[PDB]
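Written below as structure tokens is the structure these notes are about.
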Amino acid sequence: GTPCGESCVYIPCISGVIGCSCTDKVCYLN
């Protein structure tokens with residue numbers, strides 16, 4: 001729900017491993 005300030009537009013989310021799921025090219029923390 002809370003954007004992790006990370007996006008998978010060009011490269012995959014690195015911080016996303018903490019739970020951040022890429023929603024519409026932008027990783028959100030549930």
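In the structure tokens, chains take letters A, B, ... by order of appearance, with residues numbered from 1 within each chain and ligands from 1 in the order shown.
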All helix (DSSP H, G or I) positions in chain A, as a PyMOL selection string = chain A and resi 15-18
Could you turn the residues from that selection into a file that holds C-alpha atoms, as a PDB file, in the first residue's frame?
ATOM      1  CA  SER A  15      14.242  -3.016  -2.135  1.00  0.00           C
ATOM      2  CA  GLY A  16      11.034  -4.770  -3.178  1.00  0.00           C
ATOM      3  CA  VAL A  17      12.402  -7.930  -1.551  1.00  0.00           C
ATOM      4  CA  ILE A  18      11.107  -6.529   1.746  1.00  0.00           C
TER       5      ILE A  18
END
query = Residues of chain A in strand (DSSP E) according to DSSP, as a PyMOL selection string?
reply = chain A and resi 2-7+21-23+26-29
Write the residues of the preceding selection, restricted to N, CA, C and O atoms, as a compact mmCIF listing (two decimals), in the first residue's frame.
# COMPACT_ATOMS: atom_id res chain seq x y z
N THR A 2 1.96 1.26 0.72
CA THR A 2 2.81 2.45 0.78
C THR A 2 3.99 2.35 -0.18
O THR A 2 4.87 1.53 0.02
N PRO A 3 4.03 3.20 -1.22
CA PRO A 3 5.11 3.20 -2.21
C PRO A 3 6.50 3.22 -1.56
O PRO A 3 6.77 4.04 -0.69
N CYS A 4 7.35 2.30 -1.98
CA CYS A 4 8.70 2.19 -1.43
C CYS A 4 9.69 3.07 -2.19
O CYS A 4 10.90 2.89 -2.07
N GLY A 5 9.17 4.02 -2.96
CA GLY A 5 10.02 4.92 -3.72
C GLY A 5 10.91 4.16 -4.68
O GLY A 5 12.04 4.57 -4.96
N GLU A 6 10.40 3.05 -5.19
CA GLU A 6 11.14 2.20 -6.11
C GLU A 6 10.21 1.78 -7.24
O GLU A 6 9.01 1.61 -7.03
N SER A 7 10.75 1.64 -8.44
CA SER A 7 9.94 1.27 -9.59
C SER A 7 10.65 0.24 -10.46
O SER A 7 11.87 0.18 -10.51
N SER A 21 5.66 -4.80 -3.71
CA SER A 21 5.20 -5.42 -4.93
C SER A 21 5.07 -4.35 -6.01
O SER A 21 4.52 -3.27 -5.75
N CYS A 22 5.59 -4.61 -7.19
CA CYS A 22 5.53 -3.63 -8.26
C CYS A 22 4.12 -3.54 -8.85
O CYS A 22 3.67 -4.44 -9.56
N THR A 23 3.46 -2.44 -8.55
CA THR A 23 2.13 -2.18 -9.04
C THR A 23 2.21 -1.06 -10.07
O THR A 23 2.65 0.04 -9.76
N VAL A 26 5.47 0.51 -10.39
CA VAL A 26 5.97 1.14 -9.17
C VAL A 26 5.78 0.21 -7.97
O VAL A 26 4.67 -0.23 -7.70
N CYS A 27 6.85 -0.10 -7.26
CA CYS A 27 6.78 -0.99 -6.11
C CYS A 27 6.16 -0.32 -4.88
O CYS A 27 6.63 0.72 -4.41
N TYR A 28 5.12 -0.95 -4.36
CA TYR A 28 4.41 -0.48 -3.18
C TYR A 28 4.59 -1.48 -2.04
O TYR A 28 4.60 -2.69 -2.27
N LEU A 29 4.68 -0.97 -0.84
CA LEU A 29 4.81 -1.80 0.34
C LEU A 29 3.44 -2.07 0.90
O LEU A 29 2.99 -1.38 1.82
